[PDB]
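Chemist: Experimental structure and its sequence below.
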20 protein chains.
Amino acid sequence: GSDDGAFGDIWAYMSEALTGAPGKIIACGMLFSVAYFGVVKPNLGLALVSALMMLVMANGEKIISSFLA
Amino acid sequence: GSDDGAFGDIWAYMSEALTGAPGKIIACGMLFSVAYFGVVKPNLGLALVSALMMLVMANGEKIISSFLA
Amino acid sequence: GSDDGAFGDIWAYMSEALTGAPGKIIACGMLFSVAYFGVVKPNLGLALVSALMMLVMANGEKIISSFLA
Amino acid sequence: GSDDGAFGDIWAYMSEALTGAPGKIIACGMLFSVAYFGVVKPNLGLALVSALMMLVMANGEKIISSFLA
Amino acid sequence: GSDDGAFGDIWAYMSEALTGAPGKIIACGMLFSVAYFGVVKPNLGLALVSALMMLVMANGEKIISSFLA
Amino acid sequence: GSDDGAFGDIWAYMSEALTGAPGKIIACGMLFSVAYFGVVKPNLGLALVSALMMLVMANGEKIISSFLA
Amino acid sequence: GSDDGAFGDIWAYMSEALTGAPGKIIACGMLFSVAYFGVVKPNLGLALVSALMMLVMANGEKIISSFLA
Amino acid sequence: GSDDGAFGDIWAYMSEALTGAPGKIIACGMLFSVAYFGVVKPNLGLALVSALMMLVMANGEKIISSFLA
Amino acid sequence: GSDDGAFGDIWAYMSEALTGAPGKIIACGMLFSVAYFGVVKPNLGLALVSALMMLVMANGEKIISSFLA
Amino acid sequence: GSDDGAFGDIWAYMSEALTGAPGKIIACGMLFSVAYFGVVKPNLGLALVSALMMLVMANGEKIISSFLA
Amino acid sequence: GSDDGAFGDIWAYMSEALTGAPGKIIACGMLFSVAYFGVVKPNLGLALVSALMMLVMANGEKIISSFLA
Amino acid sequence: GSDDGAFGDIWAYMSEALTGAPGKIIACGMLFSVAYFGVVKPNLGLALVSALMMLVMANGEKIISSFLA
Amino acid sequence: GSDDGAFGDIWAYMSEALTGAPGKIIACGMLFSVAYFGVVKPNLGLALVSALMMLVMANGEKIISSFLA
Amino acid sequence: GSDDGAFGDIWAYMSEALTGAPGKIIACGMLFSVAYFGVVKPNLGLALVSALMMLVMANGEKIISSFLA
Amino acid sequence: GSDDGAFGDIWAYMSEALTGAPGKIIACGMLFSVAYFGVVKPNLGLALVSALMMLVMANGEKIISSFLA
Amino acid sequence: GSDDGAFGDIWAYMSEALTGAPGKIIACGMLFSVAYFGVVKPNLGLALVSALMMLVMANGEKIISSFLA
Amino acid sequence: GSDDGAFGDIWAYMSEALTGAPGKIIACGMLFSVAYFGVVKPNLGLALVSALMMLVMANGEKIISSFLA
Amino acid sequence: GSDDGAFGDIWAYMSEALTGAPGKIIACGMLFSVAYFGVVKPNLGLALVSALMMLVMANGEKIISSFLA
Amino acid sequence: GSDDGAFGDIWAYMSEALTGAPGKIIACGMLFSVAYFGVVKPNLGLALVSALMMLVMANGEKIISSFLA
Amino acid sequence: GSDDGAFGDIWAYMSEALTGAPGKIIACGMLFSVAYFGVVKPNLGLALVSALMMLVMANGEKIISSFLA
Ligand SMILES: CCCCCCCCCCCCCCCC(=O)OC[C@H](COP(=O)(O)OC[C@@H](O)CO)OC(=O)CCCCCCCCCCCCCCC
Ligand SMILES: CCCCCCCCCCCCCCCC(=O)OC[C@H](COP(=O)(O)OC[C@@H](O)CO)OC(=O)CCCCCCCCCCCCCCC
Ligand SMILES: CCCCCCCCCCCCCCCC(=O)OC[C@H](COP(=O)(O)OC[C@@H](O)CO)OC(=O)CCCCCCCCCCCCCCC
Ligand SMILES: CCCCCCCCCCCCCCCC(=O)OC[C@H](COP(=O)(O)OC[C@@H](O)CO)OC(=O)CCCCCCCCCCCCCCC
Ligand SMILES: CCCCCCCCCCCCCCCC(=O)OC[C@H](COP(=O)(O)OC[C@@H](O)CO)OC(=O)CCCCCCCCCCCCCCC
Ligand SMILES: CCCCCCCCCCCCCCCC(=O)OC[C@H](COP(=O)(O)OC[C@@H](O)CO)OC(=O)CCCCCCCCCCCCCCC
Ligand SMILES: CCCCCCCCCCCCCCCC(=O)OC[C@H](COP(=O)(O)OC[C@@H](O)CO)OC(=O)CCCCCCCCCCCCCCC
Ligand SMILES: CCCCCCCCCCCCCCCC(=O)OC[C@H](COP(=O)(O)OC[C@@H](O)CO)OC(=O)CCCCCCCCCCCCCCC
Ligand SMILES: CCCCCCCCCCCCCCCC(=O)OC[C@H](COP(=O)(O)OC[C@@H](O)CO)OC(=O)CCCCCCCCCCCCCCC
Ligand SMILES: CCCCCCCCCCCCCCCC(=O)OC[C@H](COP(=O)(O)OC[C@@H](O)CO)OC(=O)CCCCCCCCCCCCCCC
Ligand SMILES: CCCCCCCCCCCCCCCC(=O)OC[C@H](COP(=O)(O)OC[C@@H](O)CO)OC(=O)CCCCCCCCCCCCCCC
Ligand SMILES: CCCCCCCCCCCCCCCC(=O)OC[C@H](COP(=O)(O)OC[C@@H](O)CO)OC(=O)CCCCCCCCCCCCCCC
Ligand SMILES: CCCCCCCCCCCCCCCC(=O)OC[C@H](COP(=O)(O)OC[C@@H](O)CO)OC(=O)CCCCCCCCCCCCCCC
């Protein structure tokens, strides 16, 4: 596909925000949820799953660009 | 079918935008939704389904052209 | 029925446009809707239903000609 | 009733046009409407109802002739 | 009443035309309207009502003769 | 009530058509709807309700004659 | 009130037709509507309401005579 | 009831299409839905219910003919 | 039933696609789901159920043809 | 069945991804889960079951192709 | 209240039909629903509730007469 | 207020009919609706609400007379 | 304002009829409507609103006299 | 109550069908469900409950007749 | 009860399929489940319970016929 | 509060029916539910809770009168 | 409380049925459940609890009458 | 605010009826609902919530007067 | 703005009635609605929202005067 | 209690089946379980407990009749 056009700026902002401030805010919310739900039932596997989801988010732009040429 | 005509330009723009900037914006929205809904209930299967839907989108033009000759 | 007459050209244009540029535009809109509504609730069954509807559209001329002789 | 008279030609043209070019144009419009309204809410039952209405149209001449002798 | 007189021929022509060519033309117009209005909102009940009205038309002469002796 | 009169033929045709060709067409439409809506949500209770409604239709003439003497 | 007079015959015909051929035709139309609208949404309560309305029609003459002495 | 009349052809086409091409298309859609919904939650009971509904469809003509004489 | 008609091509495409590319895609999705849900709770019985459902899909055309003659 | 068609590319990508990068990611997640759940309750049988599931995944394409011709 | 009047016959028919043929039909429908919904989830408590509702129906006339003098 | 006047007879008839034949007919319709809607979803609370509404109807004359002196 | 004059008698009759026979007839109609609409959807809140409206009607003369001196 | 009337035939058919072909079909569906749900979790108590429900169905006519005189 | 009627063929097919191919498929699924769940926890009592359930299935037709005359 | 007024009779009937026939019917339904749900899972604590709820019902009038003066 | 009224017959039937045929049926179901669940895990304490629950049922009328005066 | 005026009587009646006969009727309905919904699922917490709501109702006049001076 | 003028008296009356008798009547209606809708679904949050709305009403004059100088 | 009524036949069948064929089947299942569980851990006390439970079953009718008069 083409990264430019009328919607090039919107796509660019979304791609940078995936690993930018909004993505970091979502990751921090994930860490907060993992810590909070571990008060009654301590489960560190959710931390591993959250780290995997951050890894997926960091590669979201590459995945989208590879699927949508 | 015929790709040209009075509506040839509209169809061409839609076909390029399917894998272009609007399609990439929709894919980024999918990734954002997957990350956000994983804050409380981490589910990486939704990431696989989203990747499958991006794969479907990348082949949307071929599917439409094959069905509608 | 008879394919010719005073309205033969209008019917011919409609039949070609069913699988032509307007039909392809409608199919692309279907794919866009499937991708967009899958952002919050990923549902790939709607993709199958859309493909079935494109298959119905590709056979619309034959169906109309068979019903209306 | 009698198929001939001063209005025999008008009735003949209407009867042939029911399954002719105008009837086929209306059927194609039905298919276009079914495809278009299925973009947001895919509903293939409307396709079945449209096919039933084409079947009714194909038998319109027989029905009218049977009711009006 | 009496079927003959100065207006016997006019009444005779009207009675035959009720189920004749003009009545059949009106019935065909009813079928065309049912098909056309079903493009956007498919409603096969209007077909049943139209068939009932053709049935009423086929019995119009008997009804008029029974009411007006 | 009286089954004859100016409207005796219309009532007779309606009574025979209740269990005749139009009634059978409506019953077949009921079966088609039951089969179609069972694609996504299989529900065989609707088949029982449809059979009950066909049973009601088969007794419609008797019910109308008993209520309207 | 008085059942006779200049309009005695019209009132008599209306009273007999309430439970006669026209009333039976209206009841058959009610049954047809109940069957038809039950194709997509099977609802047998409408059958009960229709039977109640036929019961009201069968007692229409008595009600009118009691209210209008 | 009577299988013939003005609507004899429509009823005949509906009866053959119940077990014909449209009925087979609906059955194939049922199988596709059963396979698709079994991706996340494998449930082979829905296959049995679908087979029962195909069995009901195969006997739809007999049921309608028995109920509506 | 009859495999041909106005909807013969749609039924043919559906029957081939049941064991064709779309059916294989659904089967691959089943395998992916079995593998993914086995990360936390390894259950190889779901693999057996998925294989049984693929076996059912491979025989879907025969089942539909036997039920709907 | 046929490996080609409008959905040939999607099926091809799914088949390669079953033993490709996504399949390897799922297998690595299986190994991570086996290691993590063995911290408190060391169970090496889950490792054997995970290896069996990887063996099933490696043969998923052959199984799907054999079941769906 | 008074059981007679212009609406005495309608009320009488309704009161007898509460425990008559229509009431028995509704009770049989209740039993059919209890049996059908017990295929997947056998629940005999619904049978007890249905029997209680039949008991309420059998006393409906007395309740209505006591409340409405 | 005053119970007499030009509209004294109409008000008297309405007051007696509230607990008379029309009120009893409405109560019987309430019982029929409660029984019918309990076929699929047995709910005896609606019976209690209906009994409360009959109790309200039995006291309607007193309430109206107290509010409107 | 002044209660007397050329229109003093009309205003007096209207004021007495607000809580007199016509007002009571309207209140009875309100109760009948509440009972009737509660057959299918039992809603006793409408009874409370109707009682409030009767309370408003009982104070209509005082309100009108206070606003219009 | 009375077994005859306008709805006598419908009630008769329902009563015979309770223990007739439809009742036997529902019982066979119960047995099929008991066998199917016993594949993973063998529970023969559901067979006893199903037999009890068939016993209830066999006595449904007597129960309805006793409750509704 | 009566084995014939409009639903005689459906009941006949269900009765033969109880001990026919679908019943044998369910029994084979039972044996597969018994073998599979015995990999980790060998329990041959489940085999006895499965054999008892096959014995119940073989007598399902007799039980249903005895309960529902 | 005041026990009298336009709604004094309705409140009186409700207060007596709380410990009267309807309250006793609800208590008997509670006992029936306790007995029925104890067939599979015998739990006599529900009997104690039901007795406590009957005790609450017996004191409902006093509680309502104390709260609402 | 009062044992009579509009709901006196319903309460009477419920009270007799508590220790009558339905109560005995529930007790027999309790004994059947005790015997069945004792096949794998023989527990005669459940028999004692069931006997206690039958004793509670036999005194249900007295308990309800004492609590609800 | 001011308690008097054109609407002083309506407000006075509403304030007394909040803790008067209508308020007591609503409280009795609350108790009836608590008792009825406790037949299947005994929950005495709803009784506490209902008592709290009666306490709120008893203080409704004071709350309204304090908020609206 | 200016509080005086031709419409000064109307505005003054509206401002006093906001917290006067009509405002108190509306607040009492709010409390009645909260109590009534809590019969089936007890929800004390609606009481808090109603109290907040009374607080808003008490400050309506100040808000309007501040916005409209 | 009373052994007769609407549920007299169901209770009679249950009472005879307690010591009839179903009771004997349950007893045989008890003996089979005792024999099977004695393969690894021979325990003849379970045989004594099973015999005691058969003795309880043989007296179930007398116990139920004595408790429920
Ligand atoms: C150029 C490409 C080929 C055409 C593709 C599209 C064809 C249009 C059908 C899809 C639109 C569906 C959604 C519409 C959205 C919509 O709301 O439409 C509104 C518009 C008005 O229809 P009705 O009068 O049914 O509507 C009443 C209200 O709904 C008004 O909104 O519908 C139509 O005009 C479409 C039906 C025309 C179909 C009949 C055409 C054949 C008749 C003429 C034959 C020639 C006469 C020659 C005389 C010389
Ligand atoms: C030929 C086969 C036998 C007829 C089968 C079908 C009968 C039609 C009933 C089913 C249609 C239901 C769904 C309709 C769908 C629908 O929307 O219909 C619309 C149409 C208009 O009805 P309304 O005026 O109630 O509608 C107002 C709006 O709803 C307009 O849409 O309804 C009718 O005409 C049906 C009622 C006729 C029933 C009364 C017939 C008896 C009166 C005439 C007696 C003879 C007079 C003789 C004078 C000489
Ligand atoms: C191209 C490949 C071959 C097609 C493969 C897939 C076929 C689709 C079935 C699987 C989808 C299941 C999951 C869907 C997910 C889903 O939620 O679907 C929603 C959509 C709407 O169905 P309903 O109206 O039952 O849904 C009501 C609500 O559930 C809306 O969500 O379902 C369908 O359209 C599928 C049924 C079509 C099956 C009937 C088709 C035959 C009728 C047309 C025959 C031709 C008419 C010709 C007229 C000219
Ligand atoms: C790019 C890498 C290759 C893809 C790898 C992953 C494939 C996805 C399967 C694993 C996900 C399993 C766990 C999901 C977690 C999950 O909860 O999923 C939820 C989502 C919704 O499924 P249902 O509608 O069954 O769910 C209803 C509720 O459960 C909603 O949560 O499931 C799917 O969409 C997966 C099934 C798609 C499988 C069918 C795909 C083939 C149909 C489309 C064929 C093409 C149509 C073309 C039209 C033009
Ligand atoms: C950053 C370090 C490298 C990652 C290390 C850890 C990887 C995580 C595995 C260990 C966690 C095990 C204990 C978890 C504790 C736990 O309870 O987890 C719960 C969570 C939800 O899983 P299920 O849906 O099976 O759970 C249903 C219920 O159990 C919910 O609790 O499990 C997972 O998400 C782990 C499986 C992901 C494994 C599949 C990953 C590959 C799919 C995505 C591939 C990319 C898609 C790209 C799309 C663009
Ligand atoms: C032919 C064989 C004998 C019939 C056997 C089956 C009878 C049907 C009962 C079992 C279905 C249960 C599962 C349904 C599945 C289901 O969801 O049904 C939906 C359908 C609609 O019912 P509701 O309006 O309660 O439903 C509202 C929503 O739930 C819509 O889904 O239910 C009924 O129609 C069944 C109740 C009819 C029972 C009353 C019949 C007596 C009234 C008519 C008497 C004659 C009137 C004559 C007028 C002239
Ligand atoms: C004979 C038995 C005793 C009567 C029992 C029933 C009374 C009717 C109330 C229940 C019907 C409710 C459901 C209706 C269904 C319905 O849709 O009705 C429609 C009809 C029209 O009312 P609206 O003009 O409010 O309706 C506008 C649109 O909704 C049209 O549909 O409503 C009325 O006429 C009922 C109100 C009359 C109530 C006022 C009567 C007192 C005024 C006359 C006093 C005497 C004047 C004497 C002048 C000389
Ligand atoms: C072709 C082979 C012979 C059929 C074998 C299998 C029969 C099916 C029973 C086993 C499935 C059990 C596991 C299902 C898994 C499951 O979840 O099913 C879901 C589906 C929906 O049932 P419900 O409405 O009880 O479900 C509500 C929710 O649970 C939805 O999931 O259940 C049925 O349809 C089965 C009951 C049909 C049994 C009644 C059939 C007789 C009624 C029709 C008689 C003819 C009417 C003719 C009208 C013209
Ligand atoms: C290809 C090789 C041959 C197949 C070998 C394996 C067969 C599967 C049995 C072993 C799995 C046992 C462990 C499963 C692990 C497991 O948890 O399974 C879960 C899955 C769902 O079963 P239920 O609905 O009982 O489960 C409810 C919950 O337990 C969900 O987990 O069980 C089945 O689907 C197996 C039963 C199918 C057996 C009936 C098959 C016959 C019905 C279809 C006949 C054809 C219909 C045709 C319609 C056109
Ligand atoms: C004929 C023999 C004597 C009756 C014996 C059995 C009585 C029924 C109680 C046992 C069933 C328990 C297991 C049910 C299984 C079950 O799930 O039931 C479901 C059904 C619905 O109750 P809910 O609305 O609490 O349920 C909401 C959801 O749980 C729906 O499932 O429960 C009832 O109807 C039983 C409560 C009625 C008890 C109150 C009756 C008194 C009110 C009527 C008084 C007369 C009003 C007259 C108006 C004119
Ligand atoms: C005759 C025996 C004494 C009555 C005993 C039973 C009383 C009813 C309470 C128990 C039913 C609970 C389960 C219901 C099951 C149920 O779903 O009910 C549905 C029905 C509708 O209530 P809602 O509007 O809250 O429901 C909205 C949706 O839930 C609709 O389903 O609820 C009521 O009508 C009960 C509340 C009435 C309580 C307020 C009565 C006082 C207001 C009237 C005062 C007199 C006005 C006089 C004006 C002139
Ligand atoms: C008549 C003899 C004197 C009563 C003796 C027995 C008292 C009951 C306590 C023992 C039962 C324990 C085993 C139960 C077995 C059991 O499973 O119970 C289930 C039932 C439901 O409780 P939960 O909501 O905690 O249960 C949630 C799930 O566990 C449902 O099973 O528990 C209760 O209702 C008992 C608690 C009531 C205790 C609070 C009562 C005081 C509140 C009401 C005060 C009056 C309000 C008046 C409003 C107007
Ligand atoms: C009269 C004796 C003193 C009261 C004692 C009991 C107080 C109630 C608390 C215990 C019940 C706990 C178990 C309940 C069982 C239960 O399931 O309750 C259900 C009910 C609904 O609560 P939710 O909306 O959280 O529930 C949503 C779903 O769970 C519905 O079931 O809970 C409440 O209403 C209790 C919370 C009220 C607590 C807040 C009260 C303060 C707000 C009002 C302040 C005044 C407003 C004035 C406006 C003018």
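Modeler: Good, I have the coordinates. Residues are numbered from 1 along each chain as shown, chains lettered A, B, ... in the order given. Ligands and ions are numbered 1, 2, ... in the order given.
Chemist: Using the centroid of chain A, identify the residue furthest from it.
Modeler: The centre of chain A is farthest from one residue, residue A:40, which by Cα atoms, centre = their mean lies 26.9 Å away.
Chemist: Return the distance of that one relative to ligand 11.
Modeler: Distance of residue A:40 to ligand 11, computed by Cβ to the nearest ligand atom, to the nearest Å: 35 Å. Just so you know, the C-beta spots here come from the backbone N, C-alpha and C atoms, and that holds for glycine as well.
Chemist: And for residue A:41?
Modeler: 37 Å.
Chemist: and if you look at residue A:54?
Modeler: 45 Å.
Chemist: And the residue nearest the centre of chain A?
Modeler: residue A:57 (3.2 Å).
Chemist: which residues touch the closest residue to chain F within chain A?
Modeler: Closest to chain F within chain A is residue A:67: 28.2 Å, counting by Cβ to the nearest Cβ. Counting by Cβ atoms under 8 Å, 6 or more residues apart in numbering or on different chains, residue A:67 makes contact with B:27, B:51, B:54, B:55, B:57, B:58.
Chemist: what's the closest of those to chain G?
Modeler: residue B:57 (33.4 Å).
Chemist: if I pick the closest one, what's in contact with it?
Modeler: By Cβ under 8 Å, 6+ apart, the contact list for residue B:57 reads A:67, A:68, B:18, B:19, B:23, B:26, B:27, C:31, C:35.
Chemist: Give me the subset of the residues you listed lying in helices.
Modeler: Among those, DSSP state H puts A:67, B:18, B:23, B:26, B:27, C:31, C:35 in helices.
Chemist: just to revisit the earlier point, using the three-state scheme, assign the residue farthest from the centre of chain A.
Modeler: What DSSP: H, G, I helix; E, B strand; the rest coil gives for residue A:40 is coil.
Chemist: picking up where we left off before, now for the ones in helices among the contacts of residue B:57, which pair is the farthest apart?
Modeler: Greatest spacing in the ones in helices among the contacts of residue B:57, by Cβ to Cβ: A:67 and C:31 (14.1 Å).
Chemist: who's in contact with residue A:31?
Modeler: A:47, A:50.
Chemist: Ligand 2 versus that one, what's the distance?
Modeler: Separation of residue A:31 from ligand 2 (Cβ to the nearest ligand atom): 60 Å.
Chemist: how near is that residue to chain J?
Modeler: 18 Å (Cβ to the nearest Cβ, to the nearest Å).
Chemist: swap in residue A:32?
Modeler: Distance of residue A:32 to chain J, computed by Cβ to the nearest Cβ: 21 Å.
Chemist: Could you do residue A:23 as well?
Modeler: Counting by Cβ to the nearest Cβ - residue A:23 and chain J are separated by 20 Å.
Chemist: What residues does that residue make contact with?
Modeler: A:17, A:57, B:35.
Chemist: My read is that the last one contacts residue A:53, right?
Modeler: When you say that, I think you mean residue B:35. Yes - Residue B:35 is within contact range of residue A:53, at 6.3 Å (criterion: Cβ atoms under 8 Å).
Chemist: Over to residue A:4: give its phi and psi.
Modeler: phi -100, psi -170 (degrees, to the nearest 10).
Chemist: State the helix or strand in which residue A:3 lies.
Modeler: Taking DSSP states H and E as the definition, residue A:3 sits outside all helices and strands.
Chemist: residues in contact with it?
Modeler: By Cβ under 8 Å, 6+ apart, the contact list for residue A:3 reads A:11, A:12, B:21, B:24.
Chemist: again, 6 Å this time
Modeler: Residues near residue A:3 by Cβ atoms under 6 Å, 6 or more residues apart in numbering or on different chains: none.
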